[PDB]
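K.L.:
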Amino acid sequence: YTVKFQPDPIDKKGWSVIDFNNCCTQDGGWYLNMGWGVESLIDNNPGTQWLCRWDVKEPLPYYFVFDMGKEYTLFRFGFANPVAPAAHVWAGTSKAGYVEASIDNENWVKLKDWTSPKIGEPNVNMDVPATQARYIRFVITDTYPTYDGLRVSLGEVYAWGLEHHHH
Ligand SMILES: [Mg+2]
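Next comes the structure, spelled out in structure tokens:
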């Protein structure tokens with residue numbers, strides 16, 4: 010928990026979801042042309058979204074392993090529920106979960122345990138203990154129920170931190 014620093018999120022261009030366990034793209038390729046895949050989570054804006062598996066409601070937890078490309082020292086981490094013209098703003102139901110961090114994609118260390126107060130919550134950032142990392146692991150553990158049961162869509166994930174020596 011740090012004071013009002015307000016720097017700017019790491020440019021997620023070298024980024025790339027290197028691993029996940031749930032998306033709508035798993036099924037028919039027609040979902041593919043919809044831009045609802047995991048990569049739709051680190052493309053700079055919450056305008057594009059990510060959709061869970063829809064043909065078969067999969068039980069939680071859902072996780073993702075982002076590869077920031079290089080090493081950093083995370084200060085904060087957060088995400089942002091979907092936002093118009095996102096086809097599923099009512100689906101952003103992330104309620105509880107946590108985020109881990111690793112430097113070799115083998116050994117991980119917990120950073121924090123986030124919790125969103127309502128469905129489709131604008132942004133949810135958390136102060137994460139000053140830790141060195143290359144890979145991040147986001148995990149949704151509980152979801153707010155919907156008119157159509159357990160559904161969930163994510164807008165985007167942000168990460169702050171210093172960049173280690175270019176070397
Ligand atoms: Mg996005």
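Residue 10 is where the sequence shown starts when you use this note's numbering, and the numbers rise one by one after that.
Even for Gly, the Cβ is constructed at its ideal location relative to N, Cα and C.
#1: Report the option in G78, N90, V47 and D76 whose CA atom is closest to the CA atom of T102.
#2: Could you tell me how far apart the beta carbons of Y71 and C61 are, in whole angstroms, since I believe they sit closer than 8 Å?
#3: Are the beta-carbon atoms of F86 and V133 separated by less than 7 Å?
#4: Taking DSSP as the reference, what is the three-state secondary structure of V92?
#5: I need the boundaries of the beta strand (DSSP E) containing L120, first residue and last residue.
#6: Just reading off the alpha helix (DSSP H) that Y40 is part of, what are its end residues?
#7: On the DSSP letters alone, give me the boundaries of the beta strand (DSSP E) that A100 sits inside.
#8: If you drop the 5 nearest sequence neighbours on each side, which residues of the same chain put their C-beta closer than 6 Å to that of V148?
#9: Who are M135's beta bridge partners in DSSP?
#10: Flag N54 as yes if its beta-carbon sits less than 7 Å from any beta-carbon of chain D, otherwise no.
#11: Going by beta-carbon coordinates alone, are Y81 and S111 separated by less than 7 Å?
#12: Quick check: what's the CA-CA separation for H176 versus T140?
#13: Given that a residue counts as buried once 16 or more other Cβ atoms are within 10 Å of its Cβ, and exposed if not, what is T152?
P.N.:
Here's the rundown:
#1: Measuring from the Cα of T102, the nearest candidate turns out to be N90.
#2: Yes, they are in contact, since the Cβ atoms of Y71 and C61 sit about 6 Å apart, within 8 Å.
#3: In this structure, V133 does not lie closer than 7 Å to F86 by Cβ.
#4: Note: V92 maps to coil in three-state DSSP.
#5: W117 to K121 is the span of the beta strand (DSSP E), which, as asked, contains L120.
#6: According to the DSSP assignment, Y40 belongs to the alpha helix (DSSP H) that extends over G38 to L41.
#7: No beta strand (DSSP E) contains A100, which DSSP labels as neither H nor E.
#8: So the qualifying residues of the chain are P70, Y72, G106 and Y107.
#9: Bridge pairing for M135: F86 [DSSP].
#10: The structure shown contains no chain D; it holds only a single protein chain.
#11: Taking 7 Å as the Cβ cut-off, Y81 and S111 do not qualify as a contacting pair.
#12: Between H176 and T140, the C-alpha separation is close to 19 Å.
#13: Buried: at least 16 other Cβ atoms inside 10 Å.
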